[PDB]
Every structure is written in C-alpha cells, then in structure tokens.
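Naming follows writing order (A, B, C, D and E), and every chain is counted from residue 1.
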C-alpha cells in the first residue's frame, strides 16, 4: 500500500505538463486522491482532490490551471497549464480517506523545474581512496562517483559491479554556492574480489537530454602497478653550436611492471605515422625498460614545433613534451574572436561566439575577460574555460551565446581583455560581413576504383562561387550527419572571378558504402536558399555505361 | 790477450777528448801501441804509434793535434785536441810488434761523435702487421720495434721471445731529416705458437744513461680493435624551452668488439672528477655497448663551456664534444633555405635551391655568403642578390643551381652567412627526406553545367597519398602548360593515414574547351615512376 | 481569502523540554475539529502525527499531543528526541472542501549513540584537468546526525569552501550518512600537501582524523 | 805526400772464383816488403791476412796469397766462399815511421737473384698519441741490392717524407734487407685512408704493392 | 622668467611612470618658493622641484610654474598614454643644430625588437634591437610626422604618430 509520482521534469515556461500518481494496494473507488506541492525552501501547499466519483476541487489560487483525472484503476493524472517559474516544486500525491488531506500515506514526490539558468550536463569523476591507505585484507571496499556541476535536477546513478554484489547509496544533492549548479555523490560498497574488478557508474541527466548517459569505468586503485617514468633525451648540436642534419629524440620509459605498452609521437598534438619512428623493449629480471626513437629533419626542428611522447600502459596514459630549446623564450598574449558557424546559426539554431585568448604568461591572478555589445543591450552569461597547455602557457576560452535575430541584423560584439600585467586593454570585435551575397555551387565526386584501394575509397566535394566566405561543410550518410573529424575541409580562398571556394575530402571504408553507398555533401551558408542550406548527393558505384 | 777502447762519446766541436786503450795479457814494455781511426763509410786511417820507450810517431795530417801517453802498465791514453766534425770515427788501438801496423790483435773500437744537438731518449713503438693481412696459418711471422727520435748513437735492441727462439735483425740507423735525431728498426721473425705468445724488445740508450732501458711488450695482434663509435646525447629542456636544474649528458659507445675501456669527461679540456659521472656496460651477441652519464649544473651548461667525452679503447683515443647549442637567430635575423621544386628538378632538369636572409640591417660591409656540401665536393657560383625593403630592412637572396643526381642521392647543402655586426656565423642546412616514398594518386574531374553559367567550367584535380610532401602541379591545354596564375592549388596537408593530399582548381572558358576540351592535370613527385611524373587528363564530354 | 497563522516560525528547546506550536484560523474549521499536524524532514513526504486535532495517528509516539477547537489549535511536543528535527505543519479542512496548510515551525535536538566510519577521497586526475579539485570526506553509518566535519589544508582550518550532504534515516538500521566536499581550485590544490578531514562525534571520545598527502598514494 | 793506390775499389766474382787486388805505392816501402793485407767486415776490427807482403798470418786460410815487391803488390783470393764478402785493405810501412792504409776494395760474391719479401706495418696507436705517424715497408732477403720503393697515400705518390735503411750483405745467404719509413704528422695521417707501398725489383716481373686502409685490422 | 625643466625631458610618458618637474630662471631674485599650475589650478607644492609619481590619465594636460616674479612661464604640455609602444622624443619644436634623441619605448622596461622608425611614411632607420636615433642637427626638412613599428614579446605594435616641426632660428 503506497503511492508513487512520475512525470516531473524540466520544461520551458508555457509548456503543459502531466504528472502521474500510480497507487498500489488500495482501490480508487474507496479512497480519494490529494495533490500537494512544495517548492525548495517553502512550506507545503494544497493543490487539489479528486473523489471516487470523479469530482475535482482545487484551491483558490489554482484558477482552472489544474485538472485531475482518473485514467485507470491504479493511475491518477494531474494536468498543469500556463507554467511560470513559481511552480518549480516537488509534487506529492496522497491517499485521502475523506475530502480532508489528513493522511499517513504519501508518495515521495516528483520534481518540476521551470528555470532560467543554463541546462548544464554533469561532470562525472571517480572517487577512490589512496591505495596505501587501503588494507591488504579489506574484505569490502567503498568507492564512488561524484557527479557535479549540473543544472537542474535530477541525475540518476546506477552501478555495474560485474560478478560481485554491490550496495549502492545515493546522497541528496548539494547546491554549489558559487555557480548554483548541483552535485551528487553516489557510493558503491562491494566485497570479495574487488582488487581486480572493474567498476562502472551510469549517470543519467534527463534535463540535458533523455538519452544523456555518462558511463564512467574505473578500478579502485591508484597504485595499480609501480609507476613508470618518462623522459626524452635528444642529440647534441656540435662544438660550433650547429645542429646535425637529422635530430634524434629518444623517449625513455624507465622500470615498470611488465605489460603491453604503446607509444605515439605527436607534432603539436597530431599523430605521426608509426613508420617514421622505432621502438624497443627489453626485460631485465622482473623489470621492463622501453625506448622509442624518432628521427626528424633539421628544418622541422628549427621550425619550433612541439613534440609529445605518449605512453599508453594498461589503460593509463603517461606523457612528456618537448619543443626546440631556447636560452630565452619571450611570449605575449594574443586573442582571437570567431563568428558563429552557419551550422550553429541555421541548423542547430543556437549561435555562439568564442573569444580565445592564448599564449598568456601564467602570472599571478585571473585574466579579466568581458563581453559587450555596441548597442548597450544586455549580453547573455558566458562560459569560461582555463587550460594549461603542453608548451607551458595557459589558454582561456570564453564562449558567449548570441541571439540569432541579433546576429542577422548586424550587431557588433566586443571581447575586452584586461589584466594588471598588460600595458593596455586588448580589444577584439565581430559582426556579420557587410559584403554581398551569392549562393554556393556544390559538386560531389568519387574517385575511381584501382589496385590497392578495394575497401577504402576517397570522396571529394567542391563548394564554390559563394559569398560571403563563412560556410559550414558536413558529410551525411544513411540518416546521420557524420562527425567533422572523419573528413578534412580546406580554408576558403578567393576564386579567380567572384566568390570563394572550399574542397572537402572524406576517406570512407567498405562497410559504410555496403551499408549505404549514397553519401551527401552538405553546405550551410547564409546566402543559400530557401533555408540557408544546399546539399548534393553522390553514389560511388558510378557504373561504366560506355557509349551510354 | 786482448785490447779494448774506452772514452768515446758525443762532444762539441773544439772539446778536447781522451781515449783509453786498456790491454790485457801482454806487456807494454815489449809491444808498441798503434792508433787507427775509421769514419763511418770510409776506409781505415793510421793515426799514430807509441813505442816501449814512450816515443810517439804520427801521420802527416795529425799536425800535433794527437798525443799518445803511457799512463799505467795496462792503459795507454790518446788525447785529441781541435776536434771538428771530420773526426767522427770509430777508433781502434792495436798491439804493434814493430813500428809497422801489421798486426792480428786489435781492439773492438770506440765511437767518437762531434755534434751540437741535445741528448734525446728514443721513443720505442711496436711494429706489427695488420691481422687481416696476416694469413691464418702464417707459420713464421715477422714483427719489430721502431726506436726513433734519439740522439746520439747508439741504441741496442734485444728480444724476449718466450718459449720461442726467433731470428733477430737490426738495421742501420737513419738520420731524421727534420730533427737530426736517429731511428732504428729491429725485427724479430718467430715460428710456432706466435699467436698467443707475448713478445718484448729491450732498447737501451747508453748516451742517455747507462741503465736507460725500455722494454716494449706487445703481441702480434692487437685485440681486434674495432673503432668504437662515440656519440653524445643530452637532456631535454621542457615544453616551454626552459632549462631544468641539472643537465644530463649521456655518452654512448654502441656496438663494438668487447675489451678494456674508459670514458673521461672534460670541461674546457680539463679532466673532471671521477664521481661526477657513472659508466655502465652491457653485451649483446658479439657487440658490446657502453654508456656514461654526466651531471652538470644549469649554470655550467649555460656558461658555453665545451664538454668532451674521451673514450679510450685498447689504448687508443676516440672523441666527441659538445657545448651549449646555437639557437639560429643571434640578432633577430631570420634565414630560410628551400628545397628544389620537383618541376625544376624532374621536368626542366635544372633544380635550384634558394637561401633567403631577412631583417638584416642596411649597414656597410657586405655580407659573406658561402655555399657548401657536407662531403666537401665543389659547388657552383650562385646568384647573390641584395635589396633594401620599403620597411627599412635588407634582404639577401641567393639561388644556387644543384645537380639533379647529387640531390637525389641525399646530399646536404649548407648556406653560410657572415655579417660584421653579427657575433657569430649563421648556418642553414637542407637535404632530401629520410622518410619513406609513396607515389601520388591523381584523379581529375570536370564539373557539370550549372544553370546560368554557360560559358565557364571548373576543373578539379585531387592528388593524394604521396610521400614525401614535396610536389609540383601543372595544368596543360593543347599540349602546352598553362600559366600558374590560371589555377589555384592548396598547400600539402596530411591524409587520414599515410601520405599527403592537395586539390587544384582551374576555371576555364567556352573558347578554350571549344578549341580543345581535353585538359591535363600533371603532378611531379619524387616517388613517381618511371620519370617522377604522373598525370591524368580530363574532358567535358559524356559517354553518349 | 481565509488565513492560518502558524506561530512561531522557529522554536528551540532541549531534551526533556517541550515545544508549543499554535495555529490560529480566520474562520472555524469543518465540524470545529478538522485539523491535522504533520512532521516533515528534508527530502521526505510529511508524516501524519495528529489528525482530527487531538487524535494520535498510528505509528506516532504518545509524546505528540494535539489540542484546541474552533479557530485555536495547539500542538505540544514534550519529552524531546532527535527524530523531532523537522518542520511541523498544520492542515485545516473547511466548508467548501477547502484544505489549507500552516506556515511551518522548526526545532533542533539529539539523542542516542553509534560511531562513524570515516573515509577520505582525493580528487581524480580527470577533475584536475578541468581546473577544480574536490576532496570528499565520508561519514558512514553513524548516529547522531549531529557530527562536525573540519577541513585542514596544511594544518590550516578551512572556512567557506566545503559543503555537506546528509542522507535520510535508513529504513533498516536507522542510521545516517554524511559527506563533506571541499572545493578548491587546481592552483590552490597543488600549492599544498596535507589534506585532512577531522570528524567530531559523540560516539567518538576523540575527534578522528583521516588524511592524505598530494601525489604520494 | 806519398800515395797508396788500391785498385779496383770494387770487384765481383762467384763462389769458387778468384779476385786480385793491387796496391801501387808512390815510394817503395821499408825493406821493399813491409806491406800487410787486412780483411774487415761491418762492426768489426780488421783481421790480418798477409804480413811482410807474402807471409800468411796465423789463422788465415791458405787461399789468400800475397805477392809483390817494392812499390807493386797484389793480393789474390782464389777459391772464393760466401764468407769472403768483405772490404780488403793494404798497409805499407815506410821510412820515417809512416804507416799508410790503402783505399779499400769491396769484394762482392756473385750470387743468384732473390725477389724481396714485402711487408707493411701501420703506425701504432701509442705513436699516434705523440702526434707523429710512421708507416714501415720492409723488403726482405733480396739480391741484388737495387730496388725502388714508392709510397702512395690515397693513390698520391709521396716525395720527401720517407727514408730508407739498408743492411749489409749477409754472411750466410748474401742477401740484403731494406726498410722505408714514411713519416707524417698525425693530422696528415688521419686525413687519408689508403696507404700503399709499391716495390720494384729485377726479380719481380711487376711492381708488387702491399697496402692497408686506416685501421681495419 | 623661470623656465620649466623636465627630468626626464620627455613630455610623453607611460601610465604608472615617474617624472620630476623643476623650474628655475635667473637669480635676480633669490630662490625661496615656487608656485605650480596643473591645468591652471594652483598645486600644493611650494619648493622648486615638483615630483610627479605614478601617472593616471588625469595627470595629462597643460603644466606651468611661477616664482615671486611678475609674469609666468610657458604652457608645457604633458600627454599621458597607456599603450604598448610609445615613440618618445626629446622636443616637440626644436631650433637647428640642437641635439635630438628618439626612443621607441616599451611598457615597464620591456624590450622591443625589430624596431623601425618612420618619418613621413618612409623608413628612416631600422635596427635589430631598439635604438636611440640621435641627430645632433635639425634640418628644416626634418619636420615630419613620425611613428615606429616594433615587436614586443613576439607581437607587432605600432606607436601613435607624433608630428614635429623645426623652424629657422634666425627670426
């Protein structure tokens, strides 16, 4: 004999909302159903009652916005119209003995949010203890996940424990004092063979999306193995100070517990082909040693590129970095400000601009970063990320949502950068281009079949004669628009006559064209008609009907 | 019954000298004493005689410079004055029966040298033939010692041959033409178990000291003596280019036949303390590998001192050196050095490279621009050119023609610039790629007609999966290559897997395709076979 | 239109003391007697203590006593215990089928013993890439709910950068669970070494401390 | 002022042959017969063969025959052996107590042609530490004495940096031995690779070359 | 009259910089006290040297001094900027043959590289590092609007232009 509520979620102002009270144990032909609400931080507030005959009565503030209906023998629905932010509350249904709401059987309530802060997805991090503080026989162990920084409620955390039993315990959420976002800690206590067991938390955030799932996988140790150390050595330049014609980089991975180990060299973060480097593993006693050698031209070394030795060992990543040496390294802060992409403007319909400030020297204090509009109208709240980089600098990113209609009518947005160590303030500004318009021509092509390229093909797309230069190119295949990383797209360059062009190149695999051989190149552009997109499909099969 | 001479040595010109003939067996009251000398390479020459009564008679050339005296019952002295270099001779005393010097009893002679050089001890060096040139059996073997640089004569060489015998042969001394010192070769020919036998030569130089003895002890083969390769590796500065608190140097002696070694580190040519570096050795198959790690302070590294790895393997020294590196822009100047274009290299067959130096000051004193190859082979003259820019800087540009075959086999070319205001010379180097080779794929497409654009078309060329990145793209129409301004080609960027790609774009007019509708996209690339050139033509036709 | 005034909004009394919560109505309730008294904690539905203004509900203890009639009603809670840490409400039913709640009234209080299991969690390396470090102190299966958590960062007592979450009472062993999250920046995290959580609780004779140092574990 | 002419200065005859050495004096010797004949080898005092111009000395063999009188004197060596390859002298005693030696006569035993055995010696590593390199070419057990040694340093013919040493004629097989030493600096030695000794002798139909590359040993 | 001297001479400084205005003439009357005139308002400093520590934007403007004489001194002007590169200059009007020092100065002793001076648009001199142009003379064609392009912490910065004009010192 209990009651449960369902249907509480985050919706916009003005959206209708239906909550469902499912009862168990008793009959609705004997008992009435009360509805009571409670916002976070106030007292209880009676909404309404439905009797056994179906008659509903509501409070004086309700004013016909509420309706209660008996839908089945176990379910009672509450329909709610004309929502504003004052109805953000936890909603209880109760088994009423009479028309009074004096009762001992209540449901736990469901939570309805009408809010105006940003819908933020949670960040999920593992909570494991320090392994030297964990005993040898510790026949049970307690671990967890922290899901923080989300808005609004709720998150749902379940656990995959493998073959063990695990008792799961999810704490009530805490409002973070600085941001207003929420944070939960969900804890899992298991027993038995926990030292070699993989543990998994599943955090679902239905206000972000219905299928927003974070599926975090971790073990319960931060020792694991004895930790390797990575260092990079290099060739000397000679006695006159001059570089040799090739440069050797020797990445040394010192003594570790033997296992599979995996080395990638990066040039400014991009993976080089494994043919340009060697690797060697030796074993002495119970301990392994690994070296990797990379060969570089003198020109590339003098071009000041940064190289990263990336070690992957038992699912854990180690790294080390290097660039061309210097006696002194001057650097100053620089800033860049983007326009919104056409895809974000016209497909996603949620444009943003980003002010990216790079190569600042990490001195004392935070960098002042302010958004403004020339019209004096208000800006939205922005997001700010600060990230230390491999080359030792700190890069700060600020992303500002902009109005779609605002952007289209020619508003100018300004990014203003101040810092105490700066000589003067740095200024960047952005606005819709005042040049003319011209629609893109689109042409998609497939390269022919020839030896050595049976199960991988290259597709290409030419987009040309458009004006202005800002354009988004994507590839779509079998009712999914494929990720940007799958393909490459050139930077806009001027055509000989009038307008710009870009090329895009996409390598595809046999399974994709056997799945569907129809591939669509799509351009999003402000001058495109009727809905700011133009697209063209190609089939790679292109059959050889000689003389038609 | 014998005679012996003593007192012969090296003296200066003008020095008086006294020789002593000690006799044994006979009496000087019965027998006379003759003195005879002999210069090296010349015959015998009579000096004088003393009789039993003490009367001395000499030759005509003596002129009172020679005196003979009976000093005791067994000794007779001969005194020389006014000695010049013509008196350098071996002097004999003889038991004379009468005033005739017809006698069968002579002394062995003593050697008198008249010179003015310094008394130098010999340097003794082993003389072994090369062991790959020695046959496997080689039932007798010939070896030796060189005793050189000594003054004056003589040295004596004997031999310790162990359980072997060995014939010993000593050659006459040669005067060194530059120094005036002497040198001898003593050779030993042994038979038997010489390959494991340890041989010794004993060189004694009595003009240095009476017990000056040098044994040189050596075998027939040196212990293989593969010259071991030396290389110096060093610590990283970090990703911001900042130095760490200490600098590690790692000297590697990689892949050599095993044997005794050290490694010594020098800081500006002086030996550093043994505890400042640690050496370790491993073996793999036959080949050994050795390493040594030296720790330096940051301050010492930054002081621009030279650090030398000194490897001594089987008594011989192998070297490598380092000092703080030179970071390519000493006064803010920049220099760039290009590779040949593939079109210049493979189509025109006149490849050139270009060295460009920017942001120089326009001061007086011409820059010294010099070209070179690492092999030392000659280079041609170049087009040296200078010009001041509108922004007040001065750029110098040079273009050097290079050999096609020379480039293809991997020569490195170096551009060297010296300006009077620059503190040191600036160098740039360029060479062919060390990565693999992959030929380009070439695909060419014609756009279909777009509504409203009857008199123009666009041609697109995709060139991909080539390695290395250097490539030239041309377009041809009516068998002649079209101007570069007509078409636009992107810069090489990496594919998803191996190799690079570019796109080329060419807008054409109706007049052109009605003149000839076939247009050729041609790529020139070093990995393309057989003539570094692959092309694809395209038309604006249908199958029909 | 009609009002219920619940007075006072806050009241404090120790163990062995009593509280009186009054509800005054502008119009008399239905049948002069239809009023309920509810007990509600954090994250819970309210639990019925009194219905019909004097009659004790099933499962409520006898120390909850309701009285009153007409417009004037009073809940008296004598012999105080820690399960009375709640907001208390009154509910009046009226002619015209009208249910109105009262304003609410808060009390604090403690009672029995059971000691906490303390655990400390360092921030993950995935969180340190984001510029934030959260250090987690867990107090497990304890009672009283009255426990004090102090953060020590290189033996300096923290203030204003920690937040606690306190669970419901468990339905099996009737205990509580707590966590305190200390939130620091990554630059403030890596400037310090020792991170300690000190837990003071009445079942503990001394405040227990669980600590780690950064990067050594 | 008076002369003693010994003729010839050199004479060659095989084993079993005979040589005649004449000494002619400008003034007659004392008592017309006071002349001696001596045999001398290298490094040794001369050995008396004839005294009083015909009388054989004690220990000298009977195949040495002296003759002559007055001013004209002759030594005849019949039945020649390989031991007799030496330098021979005459001594005249005169009035006024004057002893004059003859000019000398080298007697060569004519033997068969022997080709030299050529060996090459690279400089030692301990010589290279002193800054000098000497490369040794040995010509072993050859007859006749005339041969030519050429040094090739990276196929370049050397001039002025080599010196030769020739032994005496051997008392057993009557052969000669030679060495040529090429003297370079250490810097000039390490700038080159191929070091060749080319030997030309009349018993060789072609000039034989023994070479080495630097190290490789 | 008491003329007004600047230490350092430069009437264009950076924000945050010091400078000391000294004011002296012939000693016909003895030096006892001085009056200062920021914009026209009397400053509260009496002694002959006025220190001007840590410049703000309001520290700009017309300056003047006075002694116990009857008429006043000339209207020296002080512009204060905050920016990256200020091409400082000795005098705004010069008479022929006097020394002129130019200096493309960078914020808080920072080092400006690849320095190029422009006189009327054309490149007067370029040097690798920062340089002191020093022209001991001042021709009538030297009059121009100057500006300097530089590189501070690898980035390019152009100074605000400053027009300077010589006149003939006879009449």
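Everything below uses one rule, namely that contacts are C-beta pairs under 8 Å (C-beta built on N, C-alpha and C of every residue); 3 or more make two chains touch, one makes a residue touch a chain.
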From chain B, the most remote chain by mean C-alpha position: C
Comparison of A-E and B-D by number of C-beta pairs in contact, larger one: B-D
Interchain centroid distance [CA atoms averaged], chain B/chain E, Å: 63
Centre-to-centre distance between chain C and chain B (centres being mean Cα positions), rounded to whole Å: 88
Interchain centroid distance [CA atoms averaged], chain C/chain E, Å: 71
Centroid distance [mean C-alpha coordinates] between chain E and chain D, Å: 99
Interchain pairs in contact, sorted by label: A-B, A-C, A-E, B-D, B-E
Contact footprint of chain A on chain C as seen in their complex: 1, 30, 34-36, 38, 40, 42-48, 51-52, 57-59, 87, 89, 91, 93, 97-104, 119-124, 126-127, 129-131, 134, 136, 138, 140, 163-168, 177, 179, 181, 183, 210, 212, 216-217
Chain B-facing residues of chain A, complex: 231-243, 245-246, 248, 250, 270, 273, 275-276, 295, 297-299, 302, 306, 321-327, 329, 390-393, 441, 443, 445, 447-448, 450, 453, 458, 460, 462, 464, 488, 490, 493, 495-497, 501, 503, 505, 507, 545-548
Of chain B, residues touching chain D in the complex: 34, 36, 43-46, 49, 57, 59-60, 92, 94, 98-104, 106-109, 123, 125-133, 142, 144, 146, 148, 169, 171-174, 176-177, 183-185, 187, 222, 225, 227, 314-317
Of chain B, residues touching chain E in the complex: 331-333, 359, 361-362, 390-393
Complex contact set, residues of chain E against chain B: 113-114, 116-117, 123-129, 149
